[PDB]
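Next up is one chain by itself, shown in structure tokens, the form deposited in one PDB entry.
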């Protein structure tokens, strides 16, 4: 709990220290990294994360709508170009849709968002809803869990080949595409964070912002655990069909 303002460099080490709570340390992730995860578990994860992926562009749009600095928008929109892809077959979102195929799910399995668990949907929407209401700097800097993302993206490129041979070749792309896209992201991220967070007030609060971002990732996995590892999906005492809501209600009729 910072009393005396930290410096552009001491604050960078408070930020990265929050990587100790990153979702790499979540049993659900730990079981995937070791090969103990089943087919249904890996599928649920890819389909649920696709809600997270198709949201990033929304959220970055929302930041841009809140940010009147032309120069900052000129950078930040590359995050959107990245995920939507310039034209028809490219994208981080296509590439995920591909990673779906490569674990034996259709495109429609994903695009339908039918397998997206409410616990996941709520965690993720809270990211969006934050980006919509907060001042753009804060929403922008909440992206900074991209710091820790390279290491976890590699973590999968290593171990899924050996411990999960059946995962088609061309899905590993996204995780690859990201080893760089996230180091560029963060380079803006950090210059912003380092710059804007120029007092003790703003430092403490941005740390709490980051915890929130971390809480979201953790809760996404928590709903995945309950459903796919523990045989405890929504309404399991009442039925074994999927009964949860499946539509982004406010965005679409």
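In this text, the rigid core denotes the largest set of C-alpha atoms whose superposition between the two forms falls within 1.5 Å. Positions refer to the first chain, counted from 1.
The form deposited in another entry exists for this protein as well; it is not shown, and the discussion that follows is about that form.
With the core held fixed by superposition, the comparison between this form and the one not shown singles out 152 as the only member of 105, 152, 80, 134 whose CA moves by at least 2 angstroms.
A displacement of 2 angstroms or greater separates the C-alpha positions of residue 186 between this form and the one not shown, with the rigid core held in common. Relative to the superposed core, residue 170 undergoes a C-alpha shift of no less than 2 Å between this form and the one not shown. After superposing the rigid core, the C-alpha of residue 90 moves by less than 2 Å between this form and the one not shown.
Annotation: residue 155/residue 119 CA-CA distance longer in the other entry than in the displayed model, change of at least 3 Å. Inter-residue distance, residue 70 to residue 183 (Cα): reduced by at least 3 Å in the other entry versus the depicted form.
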